[PDB]
Structures are given as C-alpha cells and as structure tokens.
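Asker: just the structure for this:
(chains A, B, C, D, E, F, G, H, I and J, ligands or ions: 4)
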Amino acid sequence: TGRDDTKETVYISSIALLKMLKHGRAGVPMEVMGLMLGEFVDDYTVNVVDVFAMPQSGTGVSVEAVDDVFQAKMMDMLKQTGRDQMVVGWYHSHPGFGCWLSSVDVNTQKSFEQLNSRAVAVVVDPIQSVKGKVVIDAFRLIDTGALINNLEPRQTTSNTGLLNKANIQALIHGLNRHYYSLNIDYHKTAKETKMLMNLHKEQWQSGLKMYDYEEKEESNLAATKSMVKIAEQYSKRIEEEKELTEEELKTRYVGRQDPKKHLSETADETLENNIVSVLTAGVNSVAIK
Amino acid sequence: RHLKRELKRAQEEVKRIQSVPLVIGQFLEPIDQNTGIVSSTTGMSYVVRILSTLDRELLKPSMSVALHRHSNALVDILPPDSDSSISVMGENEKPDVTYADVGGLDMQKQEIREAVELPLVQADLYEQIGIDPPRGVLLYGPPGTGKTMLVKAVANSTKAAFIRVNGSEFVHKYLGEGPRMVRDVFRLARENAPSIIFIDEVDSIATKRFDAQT
Amino acid sequence: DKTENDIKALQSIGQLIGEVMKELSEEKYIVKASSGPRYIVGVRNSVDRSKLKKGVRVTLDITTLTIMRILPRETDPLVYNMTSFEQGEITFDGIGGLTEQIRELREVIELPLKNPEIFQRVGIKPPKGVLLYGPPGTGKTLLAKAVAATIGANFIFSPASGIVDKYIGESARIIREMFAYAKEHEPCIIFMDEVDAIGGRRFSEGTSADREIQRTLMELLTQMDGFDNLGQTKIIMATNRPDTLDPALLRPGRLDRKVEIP
Amino acid sequence: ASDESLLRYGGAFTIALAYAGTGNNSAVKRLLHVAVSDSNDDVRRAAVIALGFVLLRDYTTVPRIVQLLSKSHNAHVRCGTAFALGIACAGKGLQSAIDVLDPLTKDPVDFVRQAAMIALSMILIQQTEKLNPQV
Amino acid sequence: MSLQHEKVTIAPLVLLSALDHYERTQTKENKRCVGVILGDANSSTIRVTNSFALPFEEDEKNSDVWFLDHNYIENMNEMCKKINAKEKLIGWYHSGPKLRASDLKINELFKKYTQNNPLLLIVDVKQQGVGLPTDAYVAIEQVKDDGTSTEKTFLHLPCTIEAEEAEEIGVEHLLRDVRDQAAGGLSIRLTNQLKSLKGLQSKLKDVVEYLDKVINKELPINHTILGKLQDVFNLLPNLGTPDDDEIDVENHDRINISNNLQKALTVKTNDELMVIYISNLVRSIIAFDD
Amino acid sequence: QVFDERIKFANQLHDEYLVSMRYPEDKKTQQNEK
Amino acid sequence: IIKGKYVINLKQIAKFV
Amino acid sequence: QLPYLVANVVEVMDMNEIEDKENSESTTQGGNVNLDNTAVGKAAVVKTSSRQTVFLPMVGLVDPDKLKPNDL
Amino acid sequence: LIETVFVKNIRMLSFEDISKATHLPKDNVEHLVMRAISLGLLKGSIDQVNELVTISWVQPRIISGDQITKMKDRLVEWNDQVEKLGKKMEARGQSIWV
Amino acid sequence: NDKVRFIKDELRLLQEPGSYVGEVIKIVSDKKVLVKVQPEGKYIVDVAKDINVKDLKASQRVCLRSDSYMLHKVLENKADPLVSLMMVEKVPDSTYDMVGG
Ligand SMILES: Nc1ncnc2c1ncn2[C@@H]1O[C@H](COP(=O)(O)OP(=O)(O)OP(=O)(O)O)[C@@H](O)[C@H]1O
Ligand SMILES: Nc1ncnc2c1ncn2[C@@H]1O[C@H](COP(=O)(O)OP(=O)(O)OP(=O)(O)O)[C@@H](O)[C@H]1O
Ligand SMILES: [Mg+2]
Ligand SMILES: [Mg+2]
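Answerer: Residues are numbered from 1 along each chain as shown, chains lettered A, B, ... in the order given. Ligands and ions are numbered 1, 2, ... in the order given. Sure, the structure comes next:
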C-alpha cells in the first residue's frame, strides 16, 4: 500500500530470449539454470537486458547449485566493460514439465526474493520451442503469510486482467494460488529489427537464380497428371447431390473431402509458379546477352 | 487484400504443425470427421481432433498416421504403403527355388495352381462362371515333405508380389507392438494388389489349447 | 588433462538409437526407435540418402530428433560372453581311438570352410548341419571346443538355457540376432551345448513354459531353411539323448549328418 | 510513422479530435487504414474507436462501416467496434447500431462482451421499455 | 596455420550481441569495439556461437595506438568454458564501418591464443546495405607476382548465416514481418524479380568506374580482380545457338500448362455462377411466404 | 502468340462471371426474407 | 551392501544408488 | 554423489580418437573438413534398466580397460 | 590461337583467318588446335564440315594495359543493357509492386 | 474472412494435453464414476456438468480429459461382449430355404 504493488511485466530483450533458449537447448534433458540481468524502472516495468548461466550440477537445479564464486566473478567481468546492471531474477528450465515452479524452486525463489523483492523466476521450455511458438512463462512468489492477509487482489490491480494458464488440476493450483503470473512481451529497436530481417547478399538477388529445367519439367508433369484423378473424383460428386438436406448429400456423394476445393487449389498453385518461371527465362536470356 | 495476406501467414503457420518431429499412432475408427479415436503406439489411447483439408478416404479405415509429439493431435496422415512391418519380399528379393527342384509333388501341383495362380492372372474367371473364389491355403504335413519348396517354386513361376513374414516378425516386444504388426502387412498387400502373403509357420501363433490365466 | 577430458564429457549429451524402417519422402524418414515407438525425423547434411538404407542403426537426437550420423549395427551384450568362452582348449586330437569320428566331423565342417570349390565339382549343396548324440562324458563337447580351437573359425555357442529369457520376444531376439552375427563373421560355427531345454515336443497341455519353448522353436525353423539359407554358417548340436527332441529338430538338410560318438 | 506501439495508439486519436464532428473523408479514411494494415492488436483497436468521434455529426452511416470490422474475429478489433458504435449512435438509438452489437454481446471472448454491454446502454440511454421492447 | 574458413556461418545471436555491447561502452565518433569470438573450428564451416566484449580503448590521434587487456582474455574464456566446453578463441570482432590496416597487427596478437587462423569479423553497427551487415576476412600470408615479399593481407570470406533450431524459432517469436526480399506469393516474387535485377545493375556500374580509376587515377592493378572478369566473359551465355531454340521450346511448354490451367478454373467458377442463381430462386419462394 | 489469344479468351470469361455473379445476390439479400 | 553406499533395485524395476 | 542410474554396457565400438584433419570417425560421413563438427571420440553404448539404449560419448576418465562389453 | 579468340568477342573462327595468320596449311591448323586441347591451353570442338574452330573455354592469362580497355567496354554495354531493360520492367506490372 | 479465421482457430483447437478413451466399470452414488482407462488401471473421478451418472452405465465408453481424467462426453461408441465371442467364432444365420429337403 502506497505503491502499485503488482508484478512487473517482464520485457525480454531481443538478445535475451535467444540466449536462454540456446543455453537451455544444449542441456536438454537435464535442467539448466542462470541469472537474468536487467534494470528496474516503473513499479511494474522490468526490462531484462542480458543473461548469464550458472554452471551445471550433478543434481540439477538446487539452492545449493548457486555458487557465489561464479556469480560474482562473471559479474566482475562485465564490470570492467560497463555492461553489468543488477540481478533482476533468474531463469531455469523444466523440459520434463510444463510451465510451473517445482517444489524445489519455490524455496529457491524465496531466497532470491529475500535479496531483491522484484526477483522473478522464468521457466523456459526448450523442448516445446520446436514449434512455431516459444513456450515461456514468468512467475513470482506470493508469500504464504501474504495469502493469509488476503493481499492477492492487490497484485492484480491496474492490469488488463489477462493472465496465462498451463495444464489443469496440479499445474493450475500452484499457478494462481501460490505465485502470480504476468505476461511477457518483447522489446526491440529499429536497429535490431533490421539486423534480424536481413539475409544473404544473394537473397535479394535470388530471383535471377533460375533452377535446372529438369526440375521444372518435373513440376509441369506432376501437376497435370494428378489433376486428372481429382477431376474423376469431381465427376462422381456431381452426378447425385441434388436431393434435400445439403449435409446429407455431402456425406453420401463424397462432397466432404471436397474435390471441388482441392482441384482449384492445385491449379492456382501451379499457375502462379509458371508465370514467374517464364518471366525469369525471358529476363536472363535478353539481359545477359 | 490484407486478408489474402494473412491467409498466407495463417497457412504458413499450420504447416509448422505438420512437420517433424512426429510420433506415429494408429487410427482405429472415427466418431466424427474432425474428431477421431487413435491408439498411439506409446500404449495410450487418445481422442484427438482432426485437421481439416486432409483427405479422410484412407483414414477412416485403420491406417498409420502422424500425431504430434507433445500435444498428441491428428495433424497429418501417412500413406499406407510406408510404415510397413516389412517391405515386399518378392521384388526386393526373389525366390531362391524354382520348379526344377519340383519333380514329383504333382498331386499338390494341381491344387496349388488353382488356389494361388488363378486369382493372380485374372480374378474375374471365377466371377463370370459364378463360382465364388476359395480362400487361404493351409499346407500341413511333416516339414521335410517340401511344403515350402512348393511355395518358393510357384512363387518363382508366377512372379507376383510376395511377402515374407513370420510370427517372430509379429511378436510382442513392448506394449501394443504385436497387433500393429498384423495390420500393416495386409495394408501393403492390398495397395499393390494382387499379392501373396506367406507366413511360414503359425504353430506358435495358434494353439488348439490356451490357458489365458496369465 | 585427466579432469579436463571429463569436463568435455559432462557437457556432452546423449543420443538415442533407432534404425531406418522406411524411406518416407526425401528428407523425411520413418525410424523405429529403440524406445520402441516409431517417429518421423530429419537429416543433417552430415548423412546422405545413399548412406542411409534399411536396417542400418542410425543415431538420433533426443531433443531435435535428427539423424546426425550412421552407426554400425547393435550387438547383444550376451553374445560377447559366448565369443570369449572357448577355454578348455585342446589340439586337433581331443580324443584318442575315436579319431575316425573326428575325421568325419571335419568333413561336414572344415572342408566346405576351406574349399567350397570341391563341393562345386560334385554339385551337391555345401554340407552343413550336424547332430551329435551319444552316451554322456564321451568328448562330444570337448570335440566342440577342439574344432573351434583348431580351425580358429568364428565361434559362438549357446548354452541351452542362457538364451532362455523371462521376457518373451526377447528369447527370440537373441537367436535371430545371433544368426545375423554369423553372416558378417567369417565361416561361423554355432555350438549348441547340451540342448534339451527347447528340445521339447508340442506339449502345451502342461504349464505356460511349454508354449515358451514353442515360440522359441518356431524361430529356428525359419532361419535354418527359407529365403534365409546358410552355407558358411554351420550348426553343431550337442545333446545327451536325441529322442527327447521334436522331430522337426531331427530334420535332415538342417542336420545333414548325424554323427554318433559311442 | 512511429513503430512504437505507444505513439501509434495516440496517433489515431489526434485525427479523431482534430477532425471531430467533421464530415471529412480523409479523416475517416486514415483511420480505416490503420485498423487493417497494422499488426499490433492494441493499435488496431484504437483506430476503430476513433471513428465515432469524427462521425458524431453524422452517425447514420457508422454501423455499416464497422459491419465489416465485426466480421473479423480478432478480439481487439471487435472490441473497438463495440465502442465506436456506442460513441457514434449514443442518445436516441439507431436500429442498425443495435443489431451489430448483439453478436458482440454473446461473443466467446470476455473483452468483446465487456465492451458491448456498455455500448448498448449509450444507444438506448434512458429509453423506457414500454416504448421499445428490445430495451 | 591453415585455411579452413571457406564458409563462415554466423549465429543471429552474435549480431544482436555486438550492437548491445557497442552501445553499452558507448563508443561513437569513430571509436571501435573489440570482443572475442567463441566457437568451433577445424571445420570448413566456421560456427560463430557466442561473443564477449574485451576492454579495448582505441586512440584518436593515431590508429596505431591502442590499449588491449591480455590478462582479461583468459578469465572470460575459462568461465565460458564452464558453460559449454566447445568454445575456444576463433578470432575477434571489429565493429568499425569498414576495414583497416592497423587491424593486421591486432590479428597477429590473437594468433597467439588460437589454434586456428584468426577470423576478423567486421560486425557493422551501421546496418549499411540491404544485404548482410557482415563481411568476413582472415589474415593470410602471401607472396605475389609483382615482386612483393611476405605480404600480410586480408582475403574476403563469403558470409552466410545459420542458426540453431532453438535459436531460429526465437526470431520467429520475436518478429512477424513479411520481408521485402521474400520469395512468397505472386506479387512478392514479382517484387523480388525487379529487385534482384537492379541489384546486379548497381554492382556492375561500380566495376566500370573502378576500371577507369586504375588507368587514369592509378589505383593498384591486381591479377585476382582482372582474372574474375575474364571468367565472366568466357562463360557468358549465347543466343541464336541451338541452346536458344530449345529454350523457346521449353518456353512454349510452360506457356502451355498455364493456358490449360487458366481454362480449368473457368469451369469451377462458372459452376459457382450457376449455384448462386439457383439459390436465388429458392430464396424468392421464401421471401414471398415471409 | 497463339496461346496468348487463348489466354485472353479465358481472361474474358473470368471478368464476365465475377461481375454478374454477386449482382442478383445483392438485390435478393436486400429484399426481406425469413 | 558396499562397505565404506548401497544398490537398490526399485519395484518399478529400475536400479539406483 | 547419489543418486544415479545403474546399467550394463552393450558394447564399446570406439570411434577413432581426435587428432585428425578430416573426420575422426570409423564410419564415413558426407562433406569434408571436420574434427568436432559432427565427429566424436570413442563410443560406448549402454543399456538401461529403464529399458532403452543410448549412444553416449564415454567419459574420458573411465578407460576401455574399465569397460568390458558386459560391464556393470 | 589463344590470342585471337580472347581479344575477339566472337569465339568461332574460320580456318581461313587462322591459316593466313600462322602461315600454315589446313592440315596444320587441325593439329595446332588439337594440341591446344591436349595441353589444356584451349578447350572446344571442331567442325571440319563447317570449317570452323568453335572454342568454348580460354585459359586465363596475364592482362595488360591494352586488354583492360577491351575488357572494360564489354562491361559498359551490358551495364547499359540492363538499365534500359529495367525501365520496361518498372513500367510493366505497375499495379503490383507489393 | 471465414476461411482465415477458421485456420487461426484450429491452431488452438488442435493443442491438447491428451484426451483418452475410458470405459465405465460402474458408478458410485457419491456422484463419481469408476472408470478403467483401457490401457491403464482404475480411478474414481468426478463428472462434468453435461453428464451425470444416470447418463452413464457399465460397459459404455466415455471420453476423459486427462489431467485429472475429468469426464468430457459419453463416447459415440459402446462395446458389447457377446458379439466378441460370436464374431471370433464367426457363424452366419440362415433361413429354411438354405436347409430345405
Ligand atoms: N520335391 C522336391 N524337389 C527338390 N527338393 C525338395 C523337394 N521337396 C523338398 N525339397 C528340399 O527339402 C528342403 C525343405 O523344403 P522347404 O524349404 O520347402 O521347407 P518346409 O518343409 O516347410 O520346413 P519348415 O516349414 O519346418 O521350415 C528344401 O531344401 C527343399 O528344396
Ligand atoms: N576323452 C577325454 N579325455 C580327457 N578328458 C576328457 C575327455 N572327455 C572329457 N574329458 C574331461 O571331462 C570333462 C567334462 O566333459 P565334457 O563337458 O567335455 O563332456 P560331454 O560328453 O558333453 O558331457 P556333459 O556335456 O554332460 O559334460 C572335460 O573338461 C575333461 O577334463
Ligand atoms: Mg518351410
Ligand atoms: Mg557338455
């Protein structure tokens, strides 16, 4: 009371996310660990600038697996170049479980919360980022004495009210009722957006890179043949399919598994490719010689 | 125009879920055209959504399929040709015995040219006369009699597809392995029909008596 | 150095084996993992299409699931014990006065080993298959050790009951995979020692053990004769009474010579 | 032209308040552009809300413009559609305005439902149920 | 030592890292930043996994005067060895706009730590050009046919980018853009086409005016530059040959499939044309009862 | 040249259907119905 | 029993130290 | 320190050791210069009692003298 | 023989031009050409029926003051040639550059 | 729009935690169901609001949402054990015109 008293929205930089994933992915299946380095401005805005990993253990993540030597010394490296800030929290990996804090890490978060009470824990799944979507979530403890004092609505004040969930019954209990979740957004400048968007020096010069014509004749041959067979499929569909109740007709006279849609799709697809192939050849012949 | 653009982006997203890695289950039977029952080969049965704009003509009867690893959904399908128990053993192998070992055993020769070869050369011979075709062939007798010899001999003669399976190629080694091996071999046979399926012995596989208390 | 190589080791992760079950497209492969369920996996540019082929043990990753590299074939832990117990060794002569039977044994074994070409001249099938049977203690086993010692051809072995397993489809596995071993290793000689275990007949009106025998027995027949045919893989079968056996294990052309030592 | 989410969010409302209550095609035109062509959700929402301010002077045409936008199933786009209708057609109601909001009241997304209930009350503000049964 | 630098794959992580360190030392107004490059070697592709900054103060009176901390380097390396033990010194990144001849002496210094040939990775922090912001070079010794002894000089290495599976999906999570150099749909490859052609037109213009500068402005003559142009002239395509006539014939074939497929879709759409009109008739009945 | 004249007939059919297809549909949806 | 750890095999058959 | 899995060794099938300029393996791979790129040192395949096999690079402190192709 | 092909933008020579240059009969032009191939100083093939030597590959050699000027003009022609052509390609397809 | 917002919606729909096939052994009148999961064992587990134990019966296959095994729907299937025996033996039925004489 007297502040906003809500968990920071963690803005993970362009560098950081990738670094945590590379760090975690190599160690799969074993659990990984490390610190987030960042800076704390508004009552709920922590921008996480960089990360560094705390070396491996033979018992995986523990409070014990923190080693003050590695942490401070690696900090002193950054100190000399002036890129250190302050520890805003830590990350660790559960690739064998979904996003939620295991029994051990809650007590680890307790110690971290003692030191700095904005300390977050971010669970990374390097094993569900083989999707097009990266699975990542942020948690911060709400104390047990704090639940007794019923201060939990204090932490959801002045938010959009949008929170994240992960699987039901055991995962979700720990989630909402013992720690607090806030979404994660991604921070970038226009200098970094250009760095990612760029590709080769012959990727903006890859439209002159025609292909072998044996391959393009393969393409011409395959399309025409296949469409004869889906056309045959299309003939049977429109013989009947003229009584009442559309869905019934579509079930009876194959109208589901729609050949009408499939046939048009293939034709369009091959049609667009062949206008550019013709355009490529007409350019390269006349332009070079 | 903008929607056509985000249609491309959405279609691109859905290819990512069609791609590797994938675990392989087995499709049992539908309960819908967008929800089905599959048995994974992890020894777990799932009821899973089905992706639209897959073809379902080969799906709805049992067939190998791709499911996604972590979420366990029907996201793509496989053709029945691939994911065989064992590939054809009559085009990538060739019988090693011909009818020059066969002198005698003529009594069986009149019965096997009816049974095996006539539906291969033309199945419709039976159908037009109005005789319905005979089913499988059991050869019995002491194995020193040349029962298999005869199989090799006419296999080399007819030169149709042939499959070499055995019960130690159907046998359980983990949960749900054995039944899967059974389904595959007929699937392959029909695809490149006509075909001969040879199981050298079914002595172990079948037994007149059973305990079934264990 | 001794501890710095361990650092390099600890930071390496493991790999999971499979084998190429079936080509799916170009870049997609069906593998059957040794976890057991089949997966679809990718390729690095480290492998090629023409270095992959069916039945090749290939490694996979455990978080990417891509073939990085080709591996040689798996080999059972059991069968190295059998290739490293021949002790009890003795010269060509392992008995005296029964030399006539020693000479007879090498006719089946040793002769087609050295020259298949003399069995070409005749036009017979290269000899194979041996049953040894007789009264007990008569050097039938000591002769087995002697023909592995004297020639020095690749030998395995099998005690009648160390190939028997609790898991089923596992006691089939060894002996199927033991014949495989026999086809990459030169002129192999398979000594079955004192087999009466799976010698049993059809029974299965008794306990479940009699169908366990049955499962393992069917496995042998398909190997002995079929599209799988031998020629430089020989069977020496040692038993202490031969009328225990099932008659399909008395079958000639799998057992072509039946040498008795009295 | 700022690529920040923040400056584009306000960018919409500078058009709205600069050209508030003016029958200008350009003022309206710009807002339509932002809504469809921008790939940040909060910025899509802000473009829709702004519409009702420019077209206070004439709100007859408004429900038809956002009819298109309600078809789109993005939560934020539908959410800002609700508000644009509340803003433009407040006071004495408009039948078209009522209609578009009804599916948005029953939406499966809470953010569109919360927006819609409020927007309706502006259109039907202090209207007796004996003078209209729909109230 | 050796040349094994034929390809250099560079992780996107490293590029992003380089700009971050450059700003957090705030080296501007022609100040430089040097950090170590960690990663694999003894492979024809050189893998750039990671970088870390080294404290390095670069003078403004001269380019021959600099401070670099040698003791710092080992400490950074042993720590990162604990993280992953496949990382060794493979070079150092320079972050200048372009190349210097005082980088040659620095290159020699890093040769001590390496067991490879140091990679100079000029990471541009100015994001110049629509293509890569990386040129790569390695310092190599040569003699040359001019009469020049024991030269040390930088030979350009073609630059490429690879990323790991985890690394790549992070980019996709961060970004959602659709990329002016992309070869996607019909309109997108149309834009790539005209963009690619004008890309070549720009580079060829430079050579023409570069040739003038040799023979009137006395820029140096080098046989590597002249030899490459020779190759262009020698392998240049020719038309009116029997190759050209087969192209045209291949060209009708592609125009043939297009014409068939154009007709195919007219059938499908004309089917829809009818069906809207049947639905109208039914809805008229409905409207009359209504 | 021959193929192009054929493609131009195909393109003519593509214009002709697109315009007329929705036009009876728009009047009929205007008019009241159940 | 190893004289101065122990080897257990669980009922889940799985051996640990 | 505890706990760890207890297993047996399928086989040691070693790969050639790491001193080379082109690969350091016994099984030929596509492409050229390699030493740590996909190349690995000696190999041990071990079979668990959780019932799989894994191809691991064997620890460089444990010898092939401490490894038998059945060793526990 | 190597000189005449490289300096020319044509890469086909009637034996008449070679015979008058090297003061050889047609018999020896055919050997000369054949030797160039064996040594690898030129590569190509021969039409003794068209009576051309069609050379298809010229060895790179030292490039002197005179040649650079020849090399240069060839590059100006192609550079202008793309530029005029790219205008048509800007003009055609105006509607879509998206 | 209907098309592109159906794809975007299917991406969510396809993501599951796993959803099983169970079969009801028997109910208990605590408002719970004893369900034997077909590969696995038995677990008494509660039911949804769209079903209750009177909509459920022995030997009827259900759907489970498998993070607690919370009953989702009845299945569209039901097993019968008498057909198992009859089929596996495999005998047809007849009329008296297939016996006549
Ligand atoms: N009629 C014959 N002409 C020549 N050789 C024969 C004849 N009959 C059998 N043989 C030979 O006897 C051997 C056994 O025949 P076959 O391979 O057919 O196996 P089988 O009787 O089914 O045994 P099992 O099924 O137990 O494996 C073969 O080597 C075969 O060539
Ligand atoms: N003829 C022999 N002369 C010398 N020693 C022999 C002779 N035969 C056997 N022995 C001795 O007897 C021991 C055991 O006999 P072995 O195991 O070789 O025979 P076996 O005939 O198969 O009977 P079993 O298999 O029941 O042991 C040998 O290790 C050896 O010391
Ligand atoms: Mg047989
Ligand atoms: Mg013995």
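
Asker: interface residues of chain C facing chain H?
Answerer: C:2-3, C:5-6, C:8-10, C:12, C:14-17, C:34-35, C:44-48, C:51, C:59, C:68-72, C:74-78, C:80-81 (C-beta under 8 Å from any C-beta of the partner chain). Quick note: C-beta positions are derived from backbone N, CA and C, even for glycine.

Asker: show me what contacts residue A:112?
Answerer: A:89, A:90, A:119, A:121 (C-beta atoms under 8 Å, 6 or more residues apart in numbering or on different chains).

Asker: show me what the host helix or strand of residue B:152 packs onto, helices and strands only.
Answerer: If you go by DSSP states H and E, residue B:152 is part of helix B:147-158. With contacts defined as 3 or more C-beta pairs under 8 Å, 6 or more residues apart in numbering or on different chains; DSSP states H and E, the secondary structure elements packing on helix B:147-158 are helix B:106-112, strand B:195-199.

Asker: roughly how far is it from the heart of the chain?
Answerer: 22 Å (C-alpha atoms, centre = their mean, to the nearest Å).

Asker: kindly report the same for stretch A:237-256.
Answerer: Counting by C-alpha atoms, centre = their mean, stretch A:237-256 is centred 43 Å from the centre of its parent chain.

Asker: ok, and does it reach over to chain J?
Answerer: No: with C-beta under 8 Å from any C-beta as the criterion, chain J is not reached by stretch A:237-256; the gap is at least 15.3 Å.

Asker: is chain B contacted by that stretch?
Answerer: Yes: counting by C-beta under 8 Å from any C-beta, contacts between stretch A:237-256 and chain B involve A:254, A:256.

Asker: buried subset of the residues of chain C next to chain H?
Answerer: By neighbour count, with 16 or more other C-beta atoms under 10 Å in any protein chain shown, the residues of chain C next to chain H hold C:8-9, C:12, C:15-17, C:34-35, C:46-47, C:51, C:59, C:68-71, C:74-78, C:80-81 as buried.

Asker: and for residue B:76, the neighbour number?
Answerer: Counted by other C-beta atoms under 10 Å in any protein chain shown, the residues lying close to residue B:76 total 17.

Asker: what comes up buried for the helix or strand harbouring it?
Answerer: Using DSSP H and E, residue B:76 sits within strand B:74-77. Neighbour-count burial for strand B:74-77 flags B:74, B:75, B:76, B:77 (criterion: 16+ other C-beta under 10 Å).

Asker: can you name the helix or strand that residue 89 falls in?
Answerer: Unless you meant another one, I'm taking chain A. strand A:87-93.

Asker: wrong one, I was asking about chain I
Answerer: Assigned by DSSP H and E, residue I:89 falls in helix I:65-91.

Asker: elements contacting that helix?
Answerer: Helix I:65-91 is packed against helix A:259-288, helix E:186-215, helix E:223-234, with contacts defined by 3+ C-beta pairs under 8 Å, 6+ apart.

Asker: what's near enough to touch the one residue in the stretch 51-200 of chain A that gets nearest to chain H?
Answerer: The minimum distance from the stretch 51-200 of chain A to chain H, using C-beta to the nearest C-beta, falls at residue A:58 (6.7 Å). Residue A:58 makes contact with residue H:1, according to C-beta under 8 Å, 6+ apart.

Asker: that one belongs to a helix?
Answerer: No: read with DSSP: H, G, I helix; E, B strand; the rest coil, residue A:58 is coil and lies in no helix.

Asker: ok so, going back, of all the buried residues of strand B:74-77, which two lie farthest apart?
Answerer: Pairwise distances across the buried residues of strand B:74-77 (C-beta to C-beta) peak at 9.0 Å, for the pair B:75 and B:77.

Asker: count the neighbours of residue 9 for me.
Answerer: Answering for chain A, as no chain was given. 17.

Asker: wrong one, chain G
Answerer: By other C-beta under 10 Å, 11 other residues sit near residue G:9.

Asker: how close does the residue nearest to it when sequence neighbours are not counted get to residue A:222?
Answerer: In space, and not counting its chain neighbours, residue G:9 is closest to residue G:15: 4.7 Å by C-beta to C-beta, 6 or more residues apart in numbering or on different chains. Using C-beta to C-beta, to the nearest Å, residue G:15 is found at 55 Å from residue A:222.

Asker: of those two, who's got more company?
Answerer: residue G:15 (17 against 12).

Asker: phi, psi of the spatially closest residue to residue B:173 that is not a sequence neighbour?
Answerer: Closest residue to residue B:173 apart from its sequence neighbours, by C-beta to C-beta, 6+ apart: residue C:169 at 4.3 Å. Torsion angles at residue C:169 (phi, psi; degrees, to the nearest 10) stand at phi 80, psi 0.

Asker: quick one: residue C:169 and residue B:171 touch, right?
Answerer: Yes: assessed by C-beta atoms under 8 Å, residue C:169 is found in contact with residue B:171 at 4.3 Å.

Asker: the two: which is more packed in?
Answerer: Using other C-beta under 10 Å as the criterion, residue C:169 and residue B:171 rank with residue B:171 on top: 21 against 16.

Asker: host element of that one?
Answerer: Going by DSSP H and E, residue B:171 is not in any helix or strand.

Asker: again, but for residue D:14
Answerer: helix D:5-18.

Asker: give me the distance between the residue of chain E found nearest chain C and chain F.
Answerer: Distance from chain C to each residue of chain E (C-beta to the nearest C-beta) is smallest for residue E:85, at 4.7 Å. The gap separating residue E:85 from chain F is 63 Å, by C-beta to the nearest C-beta, to the nearest Å.

Asker: again, but for residue E:244
Answerer: With distances taken as C-beta to the nearest C-beta, residue E:244 is found 18 Å from chain F.

Asker: what's the neighbour count on the residue of chain E closest to chain C?
Answerer: By other C-beta under 10 Å, 17 other residues sit near residue E:85.

Asker: doesn't it fall inside a helix?
Answerer: No: counting by three-state DSSP, residue E:85 falls outside a helix, being coil.

Asker: before we move on, back to that, near chain J, from the buried residues of strand B:74-77?
Answerer: Filtering these for neighbours of chain J using C-beta under 8 Å from any C-beta leaves residue B:75.
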